[PDB]
Every structure is written in C-alpha cells, then in structure tokens.
Amino acid sequence: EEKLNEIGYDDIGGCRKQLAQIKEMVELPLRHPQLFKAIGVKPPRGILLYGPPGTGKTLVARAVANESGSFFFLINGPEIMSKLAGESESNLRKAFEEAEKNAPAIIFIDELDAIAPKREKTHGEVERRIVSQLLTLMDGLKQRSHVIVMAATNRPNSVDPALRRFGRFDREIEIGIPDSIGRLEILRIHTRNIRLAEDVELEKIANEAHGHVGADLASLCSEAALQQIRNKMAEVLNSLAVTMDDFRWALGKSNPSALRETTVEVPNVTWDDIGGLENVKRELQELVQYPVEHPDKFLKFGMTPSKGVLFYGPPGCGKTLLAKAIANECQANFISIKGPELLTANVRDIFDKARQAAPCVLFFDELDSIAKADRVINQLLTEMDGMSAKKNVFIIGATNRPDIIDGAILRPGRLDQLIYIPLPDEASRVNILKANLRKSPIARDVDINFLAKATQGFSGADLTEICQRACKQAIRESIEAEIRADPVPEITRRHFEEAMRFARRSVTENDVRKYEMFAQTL
Amino acid sequence: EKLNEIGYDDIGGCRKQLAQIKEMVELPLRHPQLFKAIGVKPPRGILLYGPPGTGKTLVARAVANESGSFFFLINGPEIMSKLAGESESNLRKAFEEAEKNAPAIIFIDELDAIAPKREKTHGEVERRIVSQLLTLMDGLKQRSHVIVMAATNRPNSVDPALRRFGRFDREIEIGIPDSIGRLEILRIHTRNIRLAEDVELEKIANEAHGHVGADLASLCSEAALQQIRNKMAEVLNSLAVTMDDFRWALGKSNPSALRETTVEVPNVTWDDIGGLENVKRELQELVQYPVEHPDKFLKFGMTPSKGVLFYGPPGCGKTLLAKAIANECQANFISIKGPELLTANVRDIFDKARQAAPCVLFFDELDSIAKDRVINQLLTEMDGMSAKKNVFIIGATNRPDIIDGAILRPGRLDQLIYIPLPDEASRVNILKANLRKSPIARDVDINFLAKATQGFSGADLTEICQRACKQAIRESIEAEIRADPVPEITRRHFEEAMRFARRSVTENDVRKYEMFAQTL
Ligand SMILES: */C(=C/C(=O)Nc1ccc2oc(-c3ncccc3C)nc2c1)c1ccncc1
Ligand SMILES: */C(=C/C(=O)Nc1ccc2oc(-c3ncccc3C)nc2c1)c1ccncc1
C-alpha cells in the first residue's frame, strides 16, 4: 500500500524521453488546467503505451498519478475477463464511475489486448459486449472531466481498431528496449539494496547487456547475487558483497528476451574508426546534416531536401559503418534492417517506427534481396513514395550488386543519389587497423604504417581477419608457453608476419572493375 | 445547449456535400407540400461514409437543428453493449419516438457495429438486431417524415441488405478536405484560441496535406502547447500562438490520411509546363469540348471517345499534362499508380470517378498492370462505362511496346498521344516554373540555359535546378561558419551544376519512340 503510493519518476528506468513526453502530456494539464484552457490546448483522453514485456511501462501510469496527485485506478485485463458475464461489465463501469467521482484521475488498463482483442480473435458474444462497453465508456468522457485513460499492450495491432480512433486512443507511446544509459539506470534502481563490492563498475555491465530489458536486468542481479552465495557457501552473512566476477558470470549465462527486437539508438561509431574519403564525407554531410541543422537556408533558397541514397560498392563493412557514422555525427537514431529480416505489413511498421523518431537514418542492408529485376518491393515503393520530403527521415540503401537493382527504387523521389564506396586507401587502412586493434595490446615495435603500406586493396573484413589471425596466434603461444611452464604479453611483429602470409585478398581487381565500370556508366 | 446550437457554419471541409444534403433533407422537410404536389419522393435512407475524423458525425445534427426537425441519436457500440433484448428495445424506442415527433432525423453512428457483413456476426443475437433494423427501416411509411442517416467508414462493411432500395439508397462520401476545406476547419477550431498578428492560416491550410479536421485540431493544440513551452497574470494575457508554432506543429504532425486517394482540381496550369500546341489542342478537343459544349455533340450525333494512352520518354509531363487539362476544365483529378493497383479496388476507383460527373482518371505506369486478374477486371469495367458520362481515362506508359492490344480498342483507350522531349520554349517554361520559389540572381539568363540544355527531360531540369540550390546552400553555410554573403543563386552556381549535368534519355530511346510513332 505505502510502497505503491511512493514510486515516482526516479523508480522507473529505461524510458527518459517517453517519461518526459508523458509528464508534459499529463502532469502539466492536471496541475494547471487554467492555463491550458485559456490558451486552448485540449488534454489527451487516451494514451496507449506499447512495447516489449518487462520494460516498466506498467509503472509509468502509477508514477504519473503519484507525482501529479491524481487518483489512480487499475484495471487488469485478466481480472476483468476472469469474472462472470455481468460482473466484468459492472467492474468496468464502476472503475470509470469512481474515476469520475474523484478527479483528476488516471485509469490504467493493463493488458488491453485481453479485454479488447481484434474482432477476429473474439468468438463469443460476451467479449464483444465488453469491447463495446469499453468503447461507450471511453466516448462518454466529457472534455471537462479530468480523467485520462492509459492502456498498456505489446503491439497496438493486437487491439481492436475501433479503440485507436480519434477520441478514444489517439496518442501512442512506444517504450522499447533501453540503451546503455537506460540499462545503467535500471541497474542502479535494482541494486539499491544489494550490497556491492568496491570493484563493481555497473557502466561496463550496462554496456555489455545487449538485448536486455528491465525484467532481464533484475534476473541478472539475482543470478549474480546467487553465485556469491555459492562461492561463499553471521560473519558469513555480513561478509557477502556481490563482486564484478559474479556479474560477468551472470551476464555470460543470461538469455535476454529482447535479442531479436530492432534497436533504435544513436550509434557509438565515429568517423575516426572508419576513416573514409573526403568526398563521401562531404556528400553525406550535405545530404543529411544540413537539413537537420540548417533548415533556415533550405527554406530560404526554397529547395526540397532529397532524402534517399543507394550506397554501392565492394561487399565488406564499408557502407554500414559509414551510415552509422553519419547517424552519429547528427546525433540521430539509426535503424538497421537486413534483407533476411524483411524476407522472413512489416514494411509499414518499420517506416512508422522511423517516422516516430524524427531525425533518423533508415538503413536497408542487402537491398538486392528485395529489389531485383514482389509483394515486399511494391510495399517499399509505396511506403517511401508516400513519404513527405519535409520530414528528417533519411533512407540509406546498400547493395553489393548495383547492376541487379531495379530502376523503380532509383526513380527520383525514391532514391535519387548514388554513392560509391571504394577500397580503403592507405590512410583509411591505417584507421581501420588502429580501430580493430584498439582493445588489444600491440608491441611498440609493430608499426601500423608499414602494414598499411604492404596491404593494398584489402577490404574491411580482411583487415579485421588479419588482426584476428595475428591475435589468435598470440593466444596459442600464451597457452603453449603456459603448458611448458607472461612470456607473451604483447602481440609482437612476428605474429602479424605469420598472420600476413596466407591472407591474400577477398575482392581483387577482377570485381573492382565491375564497380569501376558501373561508375563510368553513371 | 451547445449541441442544439450546431449549424452549417460549425462544420467544415464538406461544403459541396452539405449543400447536397441540404437539398435532400431540408427543403423537403420544410416545404413538403410542393414536393408532394410535383411528385418528388424524399429519401428515407442516407449513408454518409468516409475516413475517420471528418465532420460526418455532425452533419446530421446540423441538418436537424437548421431544419427544425427532431434529432435522435443511436450509437452502435451503445446498442451492442446492452443485453440480448435491450438492444432491440432501444432501436424500437428510437424509431417509435422519431415517428411520434415527426419530422425527425435518426442518426445511427457506426452502423458497421450494428450491421456488419453477414460473414461476421457468428452469434444469433447479432443477426436478430440486423433483421430488426431492416424491419424497422422497411416500416417507414412514405407519408411519415422520418429520415434515417447513418455513418460508416467503408460501405462495404455494412450488410449488403441494408444498402438496397428503400433501406439506405442514397450514399454521400464525405472525404478528405481540400485547401479551402482545411482553411475552414482551421478557422472553426481557432475561434477561441488567441492568434498573433503574424499568423496566416492560408499557408497552414495549403501545407497540411492528408489532414482531416481532427488532425487540424491536434495541430492547433500542439502549436498552443509549444507557445506555452517557449513562454514558460501578465504571462497568461501575453500568450498568442505564433506562425513558428504552427510550422513546428506541421513539421512534427503525423496525419492519419496520407495514404488515402485525393480528389481535387489540381493547381497546375499550362504555363508551368508549356507543351506542344498540337497536344494542347488535341487534349482540349477530347476533354473540354464534351464538358463545355455538349449541345453540338448531341446535334452531330457523335459519341465522344473517352480514353487516351499517353506514351513517351519517362519524366513528369505525362502526369502534369493530365493535371493541366483537368485544371482547365475545373474537373476532378484522380491519380492511380501501378504500385497501388498491384498491391475489387478497381471498381472502387471507377465508382469514385463515376461519382464526380466531370473527372480525369489518370492511370500511371499502366505497363505494370497490362502485359492477369487486374487487367481483365480493368478491361471489363471500362467496357461497361457509358460513353455519355464525363469520365475521362488518361493512361500513361513509358514503354508503349509492352502494352497489350486489348486496352487499345475503340471502346477502350482509342487514342495515342506522343509527349516528346520539351522544345526550347518548353524548357524555358520548366526552368522558370521550377525556380519560382527560389530567389534568382538578375544576371542568370534562363534563355541561354534553355539554348544549351538540349534533350534534358523534365526530371533532368529539376535535378539541374536542385543542384544549383545545393551549391548555394553549401556556400551559405561555408561563409557563415567562416564569418548574407550569398543572398541569391549566382551564375557560377548554375555553371557548376551544368558542369556534370547528364542527359537521362539516350538518343537511342528517342529513335525508338520515333520508330514506334512511325508504326502508328
Ligand atoms: C563488416 C562486414 C559485414 O557486416 N558484412 C560482410 C558481408 C560480406 C562479407 O564478405 C566477407 C569476406 N571477407 C573476406 C573473405 C571472404 C568474404 C566472404 N566479409 C563480409 C562481411 C561489419 C559491419 C558492421 N559491423 C561489424 C562488421
Ligand atoms: C516527375 C516525374 C515523376 O513523377 N516520375 C519519374 C519517373 C521516371 C523518372 O526517371 C527519372 C530520372 N531522371 C534522371 C536520371 C535518371 C532517372 C531515372 N526521374 C523520373 C521521375 C513529376 C511528376 C509529377 N510531380 C512531380 C514530379
């Protein structure tokens, strides 16, 4: 009782932008109705929160209610649907009547898809009755009454379309997987009572906890604390403090439930990691950054920003790292979609998730798998064709066979600019080598400049693999020396020499000429 | 009190339809004697359909309040949320009270809930309520003055028995508003909001594409909220929404009617594209004369040919020409594309055209459909198209060879028009129209560019012009970061743009089209 009435914004983690949105949408209207009524802002009536399970979207409504001083009423879908025919209707009606009786109030309908699934899923007559009663109650909320209905679901498609119309649920907020900062916030919240040793660095755990949601991180802390019992099992109880090794063990064996869900975050890849050419850097900056950062010039000179690119070139890491870097430059969200993912209605969903994030780079890797000289490609054409050119969403394609791409996806207004990504030059190769080996020690004798001079035409994967091989050899001698017995603390020159013998190339001039002729034809 | 005060002025975006409903539902219910004497039978069922968010839910109440009739409201969800017998009791009571208080209007909001397609309604009570509605509808005597109005998203969702003669014969589509309708909606929604002196709602109306009235209300709310943001008793009094707030709201609005087809008179004129005088005269003959001079057509007893297949090099002039000819005649323009059809929608499109007596139905990328289900479905619908109705079909294909010889028969599209590369005058017009919105330097001579640019397609010219502005923006930022050093697009920008300009149609393609023309 007391605990639930004392959770606020600090006790919810992983959603800080959405939390600010909801604060502005709800708390301010319910604290100063006079101002909004005077200026003429209509407070929202229905807010549908959706996202993967375990994201903490079940606490947002209660946090807002507690921090705004508004009466909070909770409706559980399973609880309503577990009652008899008339009792469920009575409970819904009583919920809304009580909310109106004491206002301002917030009504939270957990698992809305249980009460109001798609009409096809519903088979009986009582279920349609409860859906219709919910619609009637929603439409019965006067603009004066200060009742805001908040609903939680996994996918809004699972809810009956009649509920998502205007006046019932017109605002939808997605509370998705948290980023590194969100994961760190969640870990701090969950470790508020667990005693931790002096060697815990929650930042590393947050950075390495990919595909984790709030619920998963709670399990990770529980598992890490459990092992501290195993190793150590009054004085024993007092000497218990979770250690970094326990956290690493827990993270290694944890199966996150959100590995397959697309991520939307600003990538941590900069220009220096990849290097790149000045021409391509300037071109990408012109195409993307200026519309986002300098719209005044654009409107002044009255041009519509062209918002489509088709990266084409050799097949390595070149095109995707460039897209992530340009996204990082503008602090814009990055959405990466591969051909296999699309091949396996989802096109509209991905475009909607792009439109939700205003500055966004939508990457379509392996575009050839879809656009080739049938249902999916038409969907991509129509969805992108009906994309307003005044919205800061940039669609960046990528294909290693630019001659198999149909002309429909290159028709101006869809993707009107083609950029070539050549084999990295000497400076680019130096940058790639340094970036790959940053997280490993290198003997002072090893000179990356000479290696870059020797490596001509090696693709990005090659340099990564050359580094992996030279390292893989280092582990072998480390074990071999250990078995014989830090005899080998650094990756000396000999390791790179013997790792630079059976590495020849991955794409020779034989296929470079293909792209270099395609360039001349364009 | 507030509901009873709603009138015609309080609904926006449906001026034509509201005039139609006026002539259908007010003049009769106000002067029954005249209509009875002449022999006009007032309608008994009117089904208003369209996208959500429109004022189609308020048309019935406006008509009731302005005609003095008694208004009764039936909600689909409310009726269907009751028990087995209470739903029928409510419907019967509604109709009985309407008959008692005649003249009256019965509005059934969300008819699809009460009477969805019979494939649905797996239960037995739902069929009972649908049959009760049908029985009540058939029970309205012609002498009684009860008019039943209904609202739905798509009439296909309603039971086909409800849409017969005598139940719901008339069907009015209240759809996405045009620029004037959007301006009316904005004026209605901003009657209480305080507006600054620097706000001109015409621009907002023009730029708010795919916006229904609800979206415009949301836009106004967001603009006011951003004013509150930027500014947070004197503070209360010093709040006035500003043009910047409206532009922000437009920028970050997500309208719900982007994917819905538009039916409006395009704002494209001949001067924006030029075109050959031959093509202009031919299009005039085919389209304008039947619409503007039908007496002569009847006099000479010649049935006008309805159909053209524009063929030529890819670009924009096959679509802009259709828009221009539609604009000349103030006729509606419907633009369909191959991607849309590939994904019976054809009958729906043809009905949305037949609804508008004068129209120009444009089928772009026709090669995709023609050379199996769709093409035959497209052929049959046109073959069943009366030649005396002012619906013109204007196809457009960039590869006139792959098109089957079936679409090109003399009841179907029976005329071929060639749209060549724009001549010098056409290029001058295209260049001038493209940069009408961009401040140009007085030194630039578009005539010289037109002389130099030979064979460049419409897209090419637009791209050449876009590059010239891209150079201008870069120089503006470069000067700004170094520091209006670059107020206008100078000649040098155009020179740089031309330096790497490339023709988009090879002379081989021009020769191929010339050979095809010689074939005809
Ligand atoms: C780097 C590469 C990537 O994501 N994909 C990729 C695609 C194709 C490919 O072929 C090779 C190859 N290299 C050498 C010899 C033979 C072959 C087939 N490597 C690749 C790699 C990357 C991008 C983003 N993040 C991490 C890595
Ligand atoms: C103009 C054109 C349009 O709507 N579509 C279109 C079709 C084909 C096409 O090819 C190019 C092109 N141009 C230069 C080089 C390469 C290519 C493939 N551009 C287009 C454009 C238009 C009509 C109506 N409203 C606005 C624009």
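A look at the sheet that holds strand β9 (residues 391-397) of chain B
All names here are of chain B.
Turning to step 1, where the next piece is worked out: Reading across the sheet, the five strands line up as β7-β8-β9-β6-β10 and stay open at both edges, with parallel pairing between neighbours. What marks the edges here is a single partner per strand, and that holds for β7 (332-336) and β10 (416-418). Taking each pair of neighbouring strands and ignoring which way they run, the sheet shows an average axis angle of 20°.
Turning to step 2, where the next piece is worked out: The sheet contact formed by β7 and strand β8 (residues 359-364) spans five bridges and is parallel. Bridge pairing links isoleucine 334 to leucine 361 in β8.
Turning to step 3, where the next piece is worked out: Along the sheet, helix α18 (residues 345-355) makes contact with β7, β8 and β9, crossing β8 at roughly 155°.

Brief notes about the packing of helix α1 (residues 17-31) of chain A against helix α3 (residues 57-68) of chain A
Residues and elements named next belong to chain A.
Turning to step 1, where the next piece is worked out: Remark: α1 packs on α3, axes separated minimally by 11 Å, with the N-to-C direction vectors making an angle of 50°. The pairing of α1 with α3 is recorded here as oblique in orientation. Relative to α3, the crossing made by α1 is right-handed. Judged by residue contacts, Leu19, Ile22, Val26 and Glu27 of α1 engage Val60, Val64, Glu67 and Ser68 from α3.

Some remarks on the site of ligand 1
Residue and element names in this part refer to chain A.
Turning to step 1, where the next piece is worked out: As a structural note, the neighbourhood of ligand 1 is formed by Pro315, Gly316, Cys317, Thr320, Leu321, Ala461, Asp462 and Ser506.
Turning to step 2, where the next piece is worked out: With respect to ligand 1, the side chain of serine 506 contributes an N or O atom lying 3.2 Å from a nitrogen atom.
Turning to step 3, where the next piece is worked out: Put simply, the parts of the chain that give the shell around ligand 1 at least two residues each are α16 (318-329) and α22 (460-484).
Turning to step 4, where the next piece is worked out: Of the residues in the shell around ligand 1, the class split is four nonpolar, three polar and one charged.

Concerning the UniProt feature "binding site: Mg(2+) 2" (unreviewed entry) in chain A
Residues and elements named next belong to chain A.
Turning to step 1, where the next piece is worked out: The feature "binding site: Mg(2+) 2" (unreviewed entry), as given by UniProt, occupies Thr320 and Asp365 in the numbering adopted here.
Turning to step 2, where the next piece is worked out: Relative to the helices and strands, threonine 320 resides in helix α16.
Turning to step 3, where the next piece is worked out: The topology assignment puts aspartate 365 in the loop between β8 (360-364) and α19 (375-385).

Structural notes on the nonpolar core
All names here are of chain B.
Turning to step 1, where the next piece is worked out: Residues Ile74, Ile108 and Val148 are the most contacted members of the largest nonpolar core, which totals 28 residues.
Turning to step 2, where the next piece is worked out: Elements with a minimum of two residues in this core: β2 (70-75), α5 (76-80), α6 (84-100), β3 (104-109), α7 (111-114), α8 (125-138) and β4 (146-152).
Turning to step 3, where the next piece is worked out: In terms of residues, this core owes the most to one element, α8, which gives six residues.
Turning to step 4, where the next piece is worked out: Setting aside residues no more than four positions away along its own chain, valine 148 makes contact with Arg44, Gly45, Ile46, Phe95, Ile106, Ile108, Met137, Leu140 and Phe168.

A closer look at the environment of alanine 99 of chain A
Residue and element names in this part refer to chain A.
Turning to step 1, where the next piece is worked out: Among the structural elements, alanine 99 can be located in helix α5 (residues 85-101).
Turning to step 2, where the next piece is worked out: Relative accessible area serves as the criterion here: at 0%, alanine 99 is assigned to the buried category.
Turning to step 3, where the next piece is worked out: When neighbours within four sequence positions are excluded, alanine 99 is seen to be in contact with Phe71, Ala105, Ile107 and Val147.

Details of α5 of chain A
All names here are of chain A.
Turning to step 1, where the next piece is worked out: For α5, with 17 residues, the first-to-last C-alpha span of 25 Å sits near the 24 Å given by 1.5 Å per residue.
Turning to step 2, where the next piece is worked out: Considered for burial, the residues of α5 that qualify are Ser88, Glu89, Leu92, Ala95, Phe96 and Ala99. Within α5, the buried residues cover an arc of 120° as seen down the axis, which keeps them to one side. Facing away from the buried surface of α5 by more than 90 degrees, the exposed residues are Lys94, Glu97 and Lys101.

Looking at the interface of chain A and chain B
Turning to step 1, where the next piece is worked out: Opposite the 44 residues of chain A that make contact, chain B presents 62 residues.
Turning to step 2, where the next piece is worked out: For the pair chain A and chain B, the two sides together bury roughly 4,700 Å², of which 55% comes from carbon and sulfur.
Turning to step 3, where the next piece is worked out: When residues of chain A are sorted by the area they lose upon contact with chain B, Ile39, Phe166 and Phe301 of chain A head the list and together hold 16% of the total.
Turning to step 4, where the next piece is worked out: The interface formed by chain A and chain B includes ten salt bridges.
Turning to step 5, where the next piece is worked out: For the salt bridge of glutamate 480 of chain B with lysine 297 of chain A, the shortest nitrogen-to-oxygen distance reads 2.9 Å.
Turning to step 6, where the next piece is worked out: Counting every contact that joins chain A to chain B gives 16 residue pairs in polar contact.

Quick word on the UniProt feature "binding site: Mg(2+) 1" (unreviewed entry) in chain A
Residues and elements named next belong to chain A.
Turning to step 1, where the next piece is worked out: Here the UniProt-annotated "binding site: Mg(2+) 1" (unreviewed entry) positions come out as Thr58, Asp110 and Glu111. A maximum C-alpha distance of 9.4 Å among these annotated residues, which run over 54 residues, shows that they cluster at one spot.
Turning to step 2, where the next piece is worked out: With respect to the element layout, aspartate 110 can be found in strand β3 (residues 105-110).
Turning to step 3, where the next piece is worked out: For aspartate 110, a relative accessible area of 15% puts it in the buried group.
Turning to step 4, where the next piece is worked out: In this structure, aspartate 110 is in contact with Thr58, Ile75, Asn76, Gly77 and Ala152, ignoring residues within four places of it in sequence.

Thresholds applied
- Residues numbered from 1 in each chain as written, not as in the entry; some residues may be left out.
- Chains lettered and ligands numbered in written order.
- Part of a larger assembly, values for the part shown.
- Heavy atoms only, no water.
- Pairing = 2+ DSSP bridges.
- Helix = DSSP H or I, 4+ residues; strand = E, 2+ residues; numbered from the N terminus.
- Axes fitted to C-alpha atoms, helices over the stretch in contact; angles between N-to-C directions.
- Contact = heavy atoms within 4.5 Å.
- Parallel < 35°, antiparallel > 145°, perpendicular 65-115°, else oblique.
- Left-handed = near helix turned anticlockwise from the far one by under 90°.
- Near = heavy atom within 4 Å.
- Polar contact = N/O pair within 3.5 Å; in protein donor to acceptor, adjacent residues only side chain to side chain.
- Nonpolar A, V, L, I, M, F, W, Y, C, P; charged D, E, K, R; others polar.
- UniProt positions renumbered as here; feature names shortened; annotations may be inferred.
- Core = buried A, V, L, I, M, F, W, Y, C linked by side-chain atoms within 4.5 Å.
- Buried < 20%, exposed > 50% of the residue type's maximum accessible area, 1.4 Å probe, protein only.
- Expected span 1.5 Å × (residues − 1).
- Arc of directions from axis to C-beta.
- Buried area = accessible area lost by both parts, 1.4 Å probe.
- Salt bridge = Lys/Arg side-chain N within 4 Å of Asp/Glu carboxyl O.

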